[PDB]
$ cat work-v3.tsv   # TSV, C-alpha atoms
chain	number	residue	atom	x	y	z
A	1	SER	CA	12.91	51.05	-96.31
A	2	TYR	CA	16.65	50.57	-95.81
A	3	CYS	CA	17.18	51.17	-99.54
A	4	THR	CA	15.42	52.77	-102.50
A	5	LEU	CA	15.32	52.44	-106.28
A	6	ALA	CA	17.93	55.20	-106.53
A	7	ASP	CA	20.23	53.20	-104.24
A	8	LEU	CA	19.81	50.05	-106.34
A	9	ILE	CA	20.60	52.01	-109.50
A	10	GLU	CA	23.61	53.74	-107.98
A	11	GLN	CA	24.92	50.34	-106.86
A	12	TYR	CA	24.20	48.11	-109.90
A	13	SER	CA	23.92	50.57	-112.81
A	14	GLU	CA	20.50	51.30	-114.31
A	15	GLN	CA	20.71	48.92	-117.28
A	16	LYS	CA	20.96	45.81	-115.09
A	17	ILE	CA	18.00	46.90	-112.95
A	18	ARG	CA	16.09	47.56	-116.17
A	19	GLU	CA	16.86	44.02	-117.34
A	20	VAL	CA	15.98	42.24	-114.10
A	21	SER	CA	12.93	44.35	-113.18
A	22	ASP	CA	11.02	44.18	-116.48
A	23	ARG	CA	9.30	40.85	-117.15
A	24	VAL	CA	6.79	41.85	-119.85
A	25	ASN	CA	8.75	43.66	-122.58
A	26	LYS	CA	11.63	41.96	-124.41
A	27	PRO	CA	14.01	43.79	-124.70
A	28	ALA	CA	13.28	45.61	-121.43
A	29	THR	CA	12.42	49.29	-121.75
A	30	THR	CA	11.29	50.52	-118.31
A	31	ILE	CA	11.89	49.70	-114.66
A	32	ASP	CA	8.80	48.37	-112.88
A	33	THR	CA	8.66	50.13	-109.51
A	34	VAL	CA	6.33	47.53	-107.96
A	35	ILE	CA	8.80	44.65	-108.32
A	36	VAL	CA	11.68	46.74	-106.94
A	37	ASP	CA	9.50	47.88	-104.04
A	38	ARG	CA	8.56	44.30	-103.17
A	39	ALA	CA	12.18	43.14	-103.40
A	40	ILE	CA	13.22	45.92	-101.04
A	41	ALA	CA	10.36	44.99	-98.71
A	42	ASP	CA	11.48	41.35	-98.61
A	43	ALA	CA	15.08	42.38	-97.94
A	44	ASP	CA	13.91	44.63	-95.10
A	45	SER	CA	11.80	41.76	-93.76
A	46	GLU	CA	14.76	39.37	-93.67
A	47	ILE	CA	16.94	41.99	-92.00
A	48	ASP	CA	14.18	42.58	-89.44
A	49	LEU	CA	14.05	38.84	-88.80
A	50	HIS	CA	17.79	38.92	-88.15
A	51	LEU	CA	17.80	42.12	-86.05
A	52	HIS	CA	14.65	42.03	-83.90
A	53	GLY	CA	16.37	40.43	-80.91
A	54	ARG	CA	18.92	43.21	-80.38
A	55	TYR	CA	17.33	46.49	-81.56
A	56	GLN	CA	13.97	48.17	-81.97
A	57	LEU	CA	12.57	47.03	-85.31
A	58	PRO	CA	10.90	50.30	-86.41
A	59	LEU	CA	14.24	52.06	-86.75
A	60	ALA	CA	14.05	55.84	-87.09
A	61	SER	CA	17.36	55.88	-89.00
A	62	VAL	CA	19.18	53.47	-91.30
A	63	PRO	CA	22.86	52.55	-90.81
A	64	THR	CA	24.82	52.63	-94.04
A	65	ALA	CA	25.96	49.01	-93.75
A	66	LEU	CA	22.26	48.21	-93.43
A	67	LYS	CA	21.73	50.06	-96.72
A	68	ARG	CA	24.40	47.97	-98.46
A	69	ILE	CA	22.94	44.74	-97.09
A	70	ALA	CA	19.40	45.71	-98.11
A	71	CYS	CA	20.49	46.64	-101.63
A	72	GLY	CA	22.34	43.36	-102.07
A	73	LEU	CA	19.44	41.30	-100.75
A	74	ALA	CA	16.94	43.14	-102.96
A	75	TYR	CA	19.09	42.57	-106.04
A	76	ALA	CA	19.35	38.88	-105.17
A	77	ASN	CA	15.57	38.68	-104.69
A	78	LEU	CA	14.92	40.34	-108.06
A	79	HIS	CA	16.10	37.16	-109.84
A	80	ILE	CA	13.31	34.70	-110.64
A	81	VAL	CA	15.77	31.79	-110.87
A	82	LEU	CA	19.11	31.89	-109.03
A	83	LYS	CA	21.79	29.19	-109.00
A	84	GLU	CA	24.11	28.29	-106.14
A	85	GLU	CA	27.13	29.26	-108.26
A	86	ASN	CA	25.70	32.62	-109.33
A	87	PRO	CA	27.98	35.40	-107.99
A	88	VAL	CA	24.99	37.44	-106.79
A	89	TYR	CA	23.96	34.42	-104.73
A	90	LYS	CA	27.43	34.38	-103.17
A	91	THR	CA	27.16	38.08	-102.34
A	92	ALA	CA	23.74	37.49	-100.79
A	93	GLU	CA	25.13	34.63	-98.69
A	94	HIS	CA	27.98	36.90	-97.57
A	95	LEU	CA	25.50	39.58	-96.50
A	96	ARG	CA	23.44	36.95	-94.67
A	97	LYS	CA	26.62	35.91	-92.85
A	98	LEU	CA	27.16	39.52	-91.77
A	99	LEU	CA	23.55	39.70	-90.59
A	100	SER	CA	23.98	36.51	-88.57
A	101	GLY	CA	27.18	37.88	-87.06
A	102	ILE	CA	25.37	41.05	-86.02
A	103	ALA	CA	22.53	39.00	-84.53
A	104	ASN	CA	24.88	36.70	-82.59
A	105	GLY	CA	26.54	39.66	-80.88
A	106	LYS	CA	29.74	39.22	-82.90
A	107	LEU	CA	29.37	42.43	-84.94
A	108	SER	CA	27.93	45.80	-83.95
A	109	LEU	CA	25.44	48.08	-85.67
A	110	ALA	CA	27.34	51.23	-86.62
A	111	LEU	CA	26.25	54.87	-86.76
A	112	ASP	CA	23.18	55.87	-88.75
A	113	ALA	CA	24.46	59.35	-89.62
A	114	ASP	CA	25.98	60.75	-86.41
A	115	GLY	CA	24.24	58.99	-83.49
A	116	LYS	CA	24.16	55.41	-82.31
A	117	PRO	CA	21.23	53.08	-83.06
A	118	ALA	CA	18.68	52.23	-80.35
A	119	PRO	CA	19.75	48.99	-78.63
A	120	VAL	CA	16.77	47.21	-77.11
A	121	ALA	CA	16.48	46.82	-73.33
A	122	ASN	CA	17.13	43.07	-73.17
A	123	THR	CA	20.13	42.97	-70.83
A	124	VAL	CA	18.75	45.86	-68.76
A	125	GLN	CA	16.32	43.59	-66.94
A	126	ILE	CA	17.10	42.66	-63.32
A	127	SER	CA	15.06	42.15	-60.17
A	128	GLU	CA	13.90	45.12	-58.11
A	129	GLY	CA	16.66	44.58	-55.56
A	130	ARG	CA	16.23	44.41	-51.78
A	131	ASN	CA	19.00	46.22	-49.89
A	132	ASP	CA	17.40	47.61	-46.74
A	133	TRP	CA	19.67	48.47	-43.80
A	134	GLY	CA	21.99	50.20	-46.28
A	135	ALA	CA	20.10	53.45	-46.86
A	136	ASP	CA	21.96	55.57	-44.28
A	137	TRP	CA	19.46	55.12	-41.47
B	1	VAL	CA	-2.37	78.27	-7.08
B	2	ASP	CA	-0.59	75.24	-8.51
B	3	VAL	CA	3.02	74.44	-7.65
B	4	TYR	CA	4.03	76.10	-10.92
B	5	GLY	CA	2.46	79.38	-9.80
B	6	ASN	CA	-0.04	79.64	-12.65
B	7	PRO	CA	-3.28	81.33	-11.52
B	8	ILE	CA	-6.00	78.74	-10.92
B	9	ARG	CA	-9.68	79.45	-11.62
B	10	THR	CA	-12.25	77.01	-10.26
B	11	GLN	CA	-14.72	77.65	-13.09
B	12	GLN	CA	-12.81	75.49	-15.59
B	13	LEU	CA	-12.63	72.46	-13.28
B	14	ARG	CA	-16.29	71.70	-14.01
B	15	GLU	CA	-15.60	70.42	-17.54
B	16	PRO	CA	-12.68	68.43	-19.00
B	17	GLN	CA	-10.45	70.35	-21.38
B	18	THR	CA	-10.78	67.70	-24.11
B	19	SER	CA	-14.59	67.74	-23.90
B	20	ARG	CA	-14.64	70.60	-26.42
B	21	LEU	CA	-12.51	68.55	-28.87
B	22	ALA	CA	-14.89	65.71	-29.71
B	23	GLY	CA	-12.87	65.10	-32.89
B	24	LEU	CA	-10.05	63.54	-30.88
B	25	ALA	CA	-12.23	60.85	-29.30
B	26	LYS	CA	-13.24	59.49	-32.72
B	27	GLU	CA	-9.67	59.04	-34.02
B	28	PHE	CA	-8.35	55.57	-34.86
B	29	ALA	CA	-4.66	54.67	-34.74
B	30	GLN	CA	-2.99	54.42	-38.15
B	31	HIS	CA	-0.58	51.60	-37.25
B	32	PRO	CA	2.70	52.86	-38.77
B	33	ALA	CA	4.53	49.68	-37.71
B	34	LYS	CA	3.13	47.65	-40.62
B	35	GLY	CA	5.58	47.55	-43.52
B	36	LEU	CA	8.26	49.35	-41.51
B	37	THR	CA	11.78	49.82	-42.89
B	38	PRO	CA	14.88	51.49	-41.43
B	39	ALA	CA	14.42	54.58	-43.61
B	40	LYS	CA	10.80	54.93	-42.52
B	41	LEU	CA	11.69	54.51	-38.84
B	42	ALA	CA	14.46	57.11	-39.11
B	43	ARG	CA	12.02	59.49	-40.80
B	44	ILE	CA	9.49	58.84	-38.02
B	45	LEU	CA	12.05	59.64	-35.33
B	46	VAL	CA	13.27	62.78	-37.10
B	47	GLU	CA	9.74	64.10	-37.60
B	48	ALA	CA	8.91	63.27	-33.98
B	49	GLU	CA	11.85	65.39	-32.81
B	50	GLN	CA	10.34	68.37	-34.67
B	51	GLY	CA	6.98	68.11	-32.86
B	52	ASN	CA	5.10	65.36	-34.74
B	53	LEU	CA	4.59	62.99	-31.81
B	54	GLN	CA	1.51	61.26	-33.27
B	55	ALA	CA	3.36	58.84	-35.54
B	56	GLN	CA	5.98	58.11	-32.88
B	57	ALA	CA	3.34	57.35	-30.25
B	58	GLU	CA	1.42	55.07	-32.61
B	59	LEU	CA	4.66	53.30	-33.54
B	60	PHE	CA	5.50	52.80	-29.86
B	61	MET	CA	2.05	51.35	-29.18
B	62	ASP	CA	2.43	48.94	-32.10
B	63	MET	CA	5.95	48.04	-30.99
B	64	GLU	CA	4.81	47.19	-27.47
B	65	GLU	CA	1.86	45.19	-28.82
B	66	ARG	CA	3.74	43.19	-31.47
B	67	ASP	CA	6.80	42.12	-29.41
B	68	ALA	CA	6.28	39.49	-26.72
B	69	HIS	CA	9.71	39.90	-25.10
B	70	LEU	CA	9.48	43.68	-24.78
B	71	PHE	CA	5.91	43.23	-23.56
B	72	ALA	CA	6.99	40.86	-20.80
B	73	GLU	CA	9.96	42.98	-19.74
B	74	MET	CA	7.91	46.18	-19.51
B	75	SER	CA	5.14	44.37	-17.63
B	76	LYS	CA	7.67	43.02	-15.14
B	77	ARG	CA	9.19	46.46	-14.63
B	78	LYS	CA	5.80	48.11	-14.05
B	79	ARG	CA	4.40	45.36	-11.81
B	80	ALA	CA	7.54	45.73	-9.69
B	81	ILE	CA	6.42	49.27	-8.82
B	82	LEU	CA	2.72	48.39	-8.55
B	83	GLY	CA	3.45	46.07	-5.62
B	84	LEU	CA	5.07	48.67	-3.36
B	85	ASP	CA	3.32	49.97	-0.26
B	86	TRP	CA	2.92	53.75	-0.04
B	87	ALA	CA	2.09	56.35	2.59
B	88	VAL	CA	1.75	60.12	2.88
B	89	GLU	CA	4.16	61.93	5.19
B	90	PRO	CA	4.06	65.59	6.33
B	91	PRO	CA	6.85	68.11	5.68
B	92	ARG	CA	10.08	67.90	7.64
B	93	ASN	CA	9.69	68.53	11.39
B	94	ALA	CA	6.05	69.29	10.66
B	95	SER	CA	3.57	70.87	13.06
B	96	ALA	CA	0.22	69.59	14.29
B	97	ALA	CA	-1.72	71.30	11.49
B	98	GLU	CA	0.60	69.93	8.80
B	99	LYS	CA	0.43	66.49	10.42
B	100	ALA	CA	-3.37	66.64	10.35
B	101	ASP	CA	-3.38	67.71	6.69
B	102	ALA	CA	-1.03	64.86	5.77
$ encode --input "work-v3.tsv" --output "structure tokens"
Amino acid sequence: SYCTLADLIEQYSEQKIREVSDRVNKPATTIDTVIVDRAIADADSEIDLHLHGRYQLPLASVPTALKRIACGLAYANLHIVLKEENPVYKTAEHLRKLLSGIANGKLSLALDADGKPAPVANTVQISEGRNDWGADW
Amino acid sequence: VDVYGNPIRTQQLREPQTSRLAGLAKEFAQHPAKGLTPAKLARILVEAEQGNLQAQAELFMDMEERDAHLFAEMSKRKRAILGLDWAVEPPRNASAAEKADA
């Protein structure tokens, strides 16, 4: 859960979320929490796909850039039909480009609140190392 | 008494000293030479200097057994002595009694 309904509202106003989240009542009247929850879940899933190779997936804390990316992806997912020229599609593609840059070791994952994230132990691995005759015998 | 002057009592000559320590006879060597590294050998030497001669003696036995060159050299050195003729000679300018004892 890199973002919540409150985050989506505070980013995109409440009226737009009310429009795009309600599929049964015309005009929309209430935000359906299930659709927003699933959109956030799908955004988190895509981010996990992009981030599993460099960090522990079950993150204990959420970086703020991660929050922005998750909110953008969830808003993009909330659209039943999305065109290539739709500006929200362009924003989603931009966020995907940032995610790819992070994955490819071109961008870093910033602070969560005050401490660094938990980089995985990929590069740590090396052989045991045989260096006898150098132990001050 | 012995040359060292310690009092000698003939009662104890009837039985070996180690006879009362049957546990020793049943011991088997632990072979510390297997998987030996410089740190382990240095530890063995240091602990031997402090009075733990068991590991050092076992290591020396393994070392003499496992090395053919050291084996041959030590055997040559010892067989050099084994081939020497020996005789018993009395004290300097000895008397008839000392000559007879010798």
$ closest_atom_pairs --input "work-v3.tsv" --of "chain B" --to "chain A" --cutoff "9 Å" --atoms "all atoms listed in the file" --output "JSON lines"
{"residue": "B:37", "atom": "CA", "partner": "A:132", "partner_atom": "CA", "distance": 7.2}
{"residue": "B:38", "atom": "CA", "partner": "A:137", "partner_atom": "CA", "distance": 5.8}
{"residue": "B:39", "atom": "CA", "partner": "A:137", "partner_atom": "CA", "distance": 5.5}
{"residue": "B:40", "atom": "CA", "partner": "A:137", "partner_atom": "CA", "distance": 8.7}
{"residue": "B:41", "atom": "CA", "partner": "A:137", "partner_atom": "CA", "distance": 8.2}
{"residue": "B:42", "atom": "CA", "partner": "A:137", "partner_atom": "CA", "distance": 5.9}
{"residue": "B:43", "atom": "CA", "partner": "A:137", "partner_atom": "CA", "distance": 8.7}
$ atom_distance --input "work-v3.tsv" --atom1 "atom CA of residue 76 of chain A" --atom2 "atom CA of residue 113 of chain A"
26.2 Å
$ residues_around --input "work-v3.tsv" --residues "segment 96-100 of chain A" --least-positions-apart "6" --cutoff "8 Å" --atoms "all atoms listed in the file" --output "MDAnalysis selection string"
chainID A and resid 47 50:51 107
$ residues_around --input "work-v3.tsv" --residues "segment 54-56 of chain B" --least-positions-apart "5" --cutoff "8 Å" --atoms "all atoms listed in the file" --output "PDB file with C-alpha atoms, keeping the file's coordinate frame"
ATOM      1  CA  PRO B  32       2.700  52.860 -38.770  1.00  0.00           C
ATOM      2  CA  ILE B  44       9.490  58.840 -38.020  1.00  0.00           C
ATOM      3  CA  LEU B  45      12.050  59.640 -35.330  1.00  0.00           C
ATOM      4  CA  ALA B  48       8.910  63.270 -33.980  1.00  0.00           C
TER       5      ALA B  48
END
$ residues_around --input "work-v3.tsv" --residues "segment 15-27 of chain A" --least-positions-apart "6" --cutoff "8 Å" --atoms "only C-alpha atoms" --output "short mmCIF file (atom, residue, chain, number, x, y, z; two decimals) with C-alpha atoms, keeping the file's coordinate frame"
data_model
loop_
_atom_site.label_atom_id
_atom_site.label_comp_id
_atom_site.auth_asym_id
_atom_site.auth_seq_id
_atom_site.Cartn_x
_atom_site.Cartn_y
_atom_site.Cartn_z
CA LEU A 8 19.81 50.05 -106.34
CA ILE A 9 20.60 52.01 -109.50
CA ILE A 35 8.80 44.65 -108.32
CA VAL A 36 11.68 46.74 -106.94
CA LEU A 78 14.92 40.34 -108.06
CA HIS A 79 16.10 37.16 -109.84
#
$ atom_distance --input "work-v3.tsv" --atom1 "atom CA of residue 67 of chain A" --atom2 "atom CA of residue 45 of chain A"
13.3 Å
$ atom_distance --input "work-v3.tsv" --atom1 "atom CA of residue 72 of chain A" --atom2 "atom CA of residue 116 of chain A"
23.2 Å
$ residues_around --input "work-v3.tsv" --residues "segment 64-70 of chain B" --least-positions-apart "5" --cutoff "12 Å" --atoms "all atoms listed in the file" --output "ChimeraX atom specification"
/B:31,33-34,57-59,75-77
$ axis_aligned_box --input "work-v3.tsv" --around "segment 107-119 of chain A" --padding-each-side "5 Å" --output "JSON"
{"center_x": 24.0, "center_y": 51.6, "center_z": -84.1, "size_x": 20.7, "size_y": 28.3, "size_z": 21.0}
$ closest_residue --input "work-v3.tsv" --among "B:23, B:35, B:5, B:90" --to "residue 62 of chain B" --atoms "all atoms listed in the file"
B:35
$ residues_around --input "work-v3.tsv" --residues "residue 109 of chain A" --least-positions-apart "6" --cutoff "9 Å" --atoms "only C-alpha atoms" --output "PyMOL selection string"
chain A and resi 63+65-66+102+116-117
$ decode --input "work-v3.tsv" --residues "segment 35-74 of chain B" --atoms "N, CA and C atoms" --output "PDB file, in the first residue's frame"
ATOM      1  N   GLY B  35      43.587 -31.959   8.167  1.00  0.00           N
ATOM      2  CA  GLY B  35      42.998 -30.631   8.089  1.00  0.00           C
ATOM      3  C   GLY B  35      43.778 -29.590   8.859  1.00  0.00           C
ATOM      4  N   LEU B  36      45.103 -29.617   8.751  1.00  0.00           N
ATOM      5  CA  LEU B  36      45.964 -28.706   9.490  1.00  0.00           C
ATOM      6  C   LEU B  36      46.199 -27.433   8.691  1.00  0.00           C
ATOM      7  N   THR B  37      46.181 -26.304   9.384  1.00  0.00           N
ATOM      8  CA  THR B  37      46.408 -24.992   8.805  1.00  0.00           C
ATOM      9  C   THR B  37      47.422 -24.248   9.656  1.00  0.00           C
ATOM     10  N   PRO B  38      48.068 -23.215   9.104  1.00  0.00           N
ATOM     11  CA  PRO B  38      49.102 -22.514   9.884  1.00  0.00           C
ATOM     12  C   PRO B  38      48.603 -21.995  11.221  1.00  0.00           C
ATOM     13  N   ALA B  39      47.381 -21.465  11.272  1.00  0.00           N
ATOM     14  CA  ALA B  39      46.846 -20.984  12.541  1.00  0.00           C
ATOM     15  C   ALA B  39      46.706 -22.124  13.540  1.00  0.00           C
ATOM     16  N   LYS B  40      46.207 -23.275  13.086  1.00  0.00           N
ATOM     17  CA  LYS B  40      46.056 -24.415  13.982  1.00  0.00           C
ATOM     18  C   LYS B  40      47.408 -24.908  14.479  1.00  0.00           C
ATOM     19  N   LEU B  41      48.412 -24.942  13.604  1.00  0.00           N
ATOM     20  CA  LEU B  41      49.724 -25.420  14.027  1.00  0.00           C
ATOM     21  C   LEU B  41      50.355 -24.455  15.025  1.00  0.00           C
ATOM     22  N   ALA B  42      50.205 -23.148  14.794  1.00  0.00           N
ATOM     23  CA  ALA B  42      50.708 -22.171  15.755  1.00  0.00           C
ATOM     24  C   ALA B  42      50.005 -22.312  17.099  1.00  0.00           C
ATOM     25  N   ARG B  43      48.686 -22.518  17.080  1.00  0.00           N
ATOM     26  CA  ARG B  43      47.957 -22.752  18.322  1.00  0.00           C
ATOM     27  C   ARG B  43      48.466 -24.002  19.025  1.00  0.00           C
ATOM     28  N   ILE B  44      48.721 -25.065  18.262  1.00  0.00           N
ATOM     29  CA  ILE B  44      49.212 -26.309  18.845  1.00  0.00           C
ATOM     30  C   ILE B  44      50.549 -26.074  19.534  1.00  0.00           C
ATOM     31  N   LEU B  45      51.461 -25.371  18.859  1.00  0.00           N
ATOM     32  CA  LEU B  45      52.767 -25.101  19.453  1.00  0.00           C
ATOM     33  C   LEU B  45      52.635 -24.251  20.713  1.00  0.00           C
ATOM     34  N   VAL B  46      51.809 -23.206  20.660  1.00  0.00           N
ATOM     35  CA  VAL B  46      51.663 -22.317  21.810  1.00  0.00           C
ATOM     36  C   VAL B  46      51.101 -23.083  23.002  1.00  0.00           C
ATOM     37  N   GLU B  47      50.070 -23.898  22.769  1.00  0.00           N
ATOM     38  CA  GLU B  47      49.487 -24.669  23.861  1.00  0.00           C
ATOM     39  C   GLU B  47      50.446 -25.737  24.365  1.00  0.00           C
ATOM     40  N   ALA B  48      51.294 -26.277  23.488  1.00  0.00           N
ATOM     41  CA  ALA B  48      52.306 -27.226  23.933  1.00  0.00           C
ATOM     42  C   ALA B  48      53.307 -26.560  24.864  1.00  0.00           C
ATOM     43  N   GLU B  49      53.682 -25.315  24.568  1.00  0.00           N
ATOM     44  CA  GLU B  49      54.639 -24.621  25.424  1.00  0.00           C
ATOM     45  C   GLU B  49      54.101 -24.430  26.836  1.00  0.00           C
ATOM     46  N   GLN B  50      52.781 -24.382  26.997  1.00  0.00           N
ATOM     47  CA  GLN B  50      52.166 -24.159  28.299  1.00  0.00           C
ATOM     48  C   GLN B  50      51.910 -25.447  29.072  1.00  0.00           C
ATOM     49  N   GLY B  51      52.296 -26.602  28.530  1.00  0.00           N
ATOM     50  CA  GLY B  51      52.162 -27.868  29.225  1.00  0.00           C
ATOM     51  C   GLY B  51      51.208 -28.855  28.590  1.00  0.00           C
ATOM     52  N   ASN B  52      50.640 -28.545  27.425  1.00  0.00           N
ATOM     53  CA  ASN B  52      49.733 -29.459  26.732  1.00  0.00           C
ATOM     54  C   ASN B  52      50.523 -30.176  25.640  1.00  0.00           C
ATOM     55  N   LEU B  53      51.281 -31.190  26.057  1.00  0.00           N
ATOM     56  CA  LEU B  53      52.156 -31.914  25.146  1.00  0.00           C
ATOM     57  C   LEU B  53      51.433 -32.984  24.340  1.00  0.00           C
ATOM     58  N   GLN B  54      50.186 -33.308  24.685  1.00  0.00           N
ATOM     59  CA  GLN B  54      49.484 -34.396  24.009  1.00  0.00           C
ATOM     60  C   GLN B  54      49.290 -34.094  22.527  1.00  0.00           C
ATOM     61  N   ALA B  55      48.729 -32.923  22.220  1.00  0.00           N
ATOM     62  CA  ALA B  55      48.473 -32.569  20.829  1.00  0.00           C
ATOM     63  C   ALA B  55      49.770 -32.470  20.043  1.00  0.00           C
ATOM     64  N   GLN B  56      50.807 -31.888  20.646  1.00  0.00           N
ATOM     65  CA  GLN B  56      52.087 -31.762  19.959  1.00  0.00           C
ATOM     66  C   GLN B  56      52.690 -33.128  19.655  1.00  0.00           C
ATOM     67  N   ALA B  57      52.629 -34.056  20.613  1.00  0.00           N
ATOM     68  CA  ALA B  57      53.170 -35.390  20.379  1.00  0.00           C
ATOM     69  C   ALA B  57      52.398 -36.114  19.285  1.00  0.00           C
ATOM     70  N   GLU B  58      51.066 -36.019  19.310  1.00  0.00           N
ATOM     71  CA  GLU B  58      50.275 -36.657  18.264  1.00  0.00           C
ATOM     72  C   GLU B  58      50.587 -36.051  16.901  1.00  0.00           C
ATOM     73  N   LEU B  59      50.737 -34.727  16.846  1.00  0.00           N
ATOM     74  CA  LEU B  59      51.081 -34.067  15.594  1.00  0.00           C
ATOM     75  C   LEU B  59      52.442 -34.521  15.092  1.00  0.00           C
ATOM     76  N   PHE B  60      53.412 -34.674  15.993  1.00  0.00           N
ATOM     77  CA  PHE B  60      54.734 -35.135  15.579  1.00  0.00           C
ATOM     78  C   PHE B  60      54.676 -36.560  15.044  1.00  0.00           C
ATOM     79  N   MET B  61      53.898 -37.427  15.694  1.00  0.00           N
ATOM     80  CA  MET B  61      53.744 -38.788  15.189  1.00  0.00           C
ATOM     81  C   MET B  61      53.143 -38.779  13.788  1.00  0.00           C
ATOM     82  N   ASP B  62      52.073 -38.002  13.596  1.00  0.00           N
ATOM     83  CA  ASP B  62      51.461 -37.911  12.274  1.00  0.00           C
ATOM     84  C   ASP B  62      52.441 -37.354  11.255  1.00  0.00           C
ATOM     85  N   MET B  63      53.211 -36.341  11.648  1.00  0.00           N
ATOM     86  CA  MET B  63      54.156 -35.712  10.738  1.00  0.00           C
ATOM     87  C   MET B  63      55.217 -36.706  10.288  1.00  0.00           C
ATOM     88  N   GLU B  64      55.740 -37.501  11.221  1.00  0.00           N
ATOM     89  CA  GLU B  64      56.740 -38.497  10.856  1.00  0.00           C
ATOM     90  C   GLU B  64      56.136 -39.612  10.013  1.00  0.00           C
ATOM     91  N   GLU B  65      54.859 -39.933  10.226  1.00  0.00           N
ATOM     92  CA  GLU B  65      54.232 -40.997   9.445  1.00  0.00           C
ATOM     93  C   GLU B  65      53.911 -40.550   8.023  1.00  0.00           C
ATOM     94  N   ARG B  66      53.450 -39.312   7.850  1.00  0.00           N
ATOM     95  CA  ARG B  66      52.887 -38.857   6.586  1.00  0.00           C
ATOM     96  C   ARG B  66      53.925 -38.341   5.599  1.00  0.00           C
ATOM     97  N   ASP B  67      55.152 -38.078   6.039  1.00  0.00           N
ATOM     98  CA  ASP B  67      56.195 -37.519   5.186  1.00  0.00           C
ATOM     99  C   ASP B  67      57.245 -38.590   4.921  1.00  0.00           C
ATOM    100  N   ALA B  68      57.456 -38.909   3.644  1.00  0.00           N
ATOM    101  CA  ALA B  68      58.419 -39.948   3.294  1.00  0.00           C
ATOM    102  C   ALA B  68      59.852 -39.447   3.425  1.00  0.00           C
ATOM    103  N   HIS B  69      60.099 -38.186   3.066  1.00  0.00           N
ATOM    104  CA  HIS B  69      61.457 -37.656   3.119  1.00  0.00           C
ATOM    105  C   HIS B  69      61.939 -37.523   4.559  1.00  0.00           C
ATOM    106  N   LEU B  70      61.118 -36.922   5.422  1.00  0.00           N
ATOM    107  CA  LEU B  70      61.474 -36.827   6.833  1.00  0.00           C
ATOM    108  C   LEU B  70      61.623 -38.211   7.448  1.00  0.00           C
ATOM    109  N   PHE B  71      60.710 -39.125   7.110  1.00  0.00           N
ATOM    110  CA  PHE B  71      60.856 -40.517   7.521  1.00  0.00           C
ATOM    111  C   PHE B  71      62.236 -41.061   7.182  1.00  0.00           C
ATOM    112  N   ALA B  72      62.635 -40.964   5.913  1.00  0.00           N
ATOM    113  CA  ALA B  72      63.899 -41.555   5.492  1.00  0.00           C
ATOM    114  C   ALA B  72      65.075 -40.894   6.196  1.00  0.00           C
ATOM    115  N   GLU B  73      65.042 -39.568   6.329  1.00  0.00           N
ATOM    116  CA  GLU B  73      66.154 -38.867   6.963  1.00  0.00           C
ATOM    117  C   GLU B  73      66.301 -39.281   8.423  1.00  0.00           C
ATOM    118  N   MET B  74      65.187 -39.321   9.159  1.00  0.00           N
ATOM    119  CA  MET B  74      65.248 -39.719  10.561  1.00  0.00           C
ATOM    120  C   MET B  74      65.707 -41.164  10.698  1.00  0.00           C
TER     121      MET B  74
END
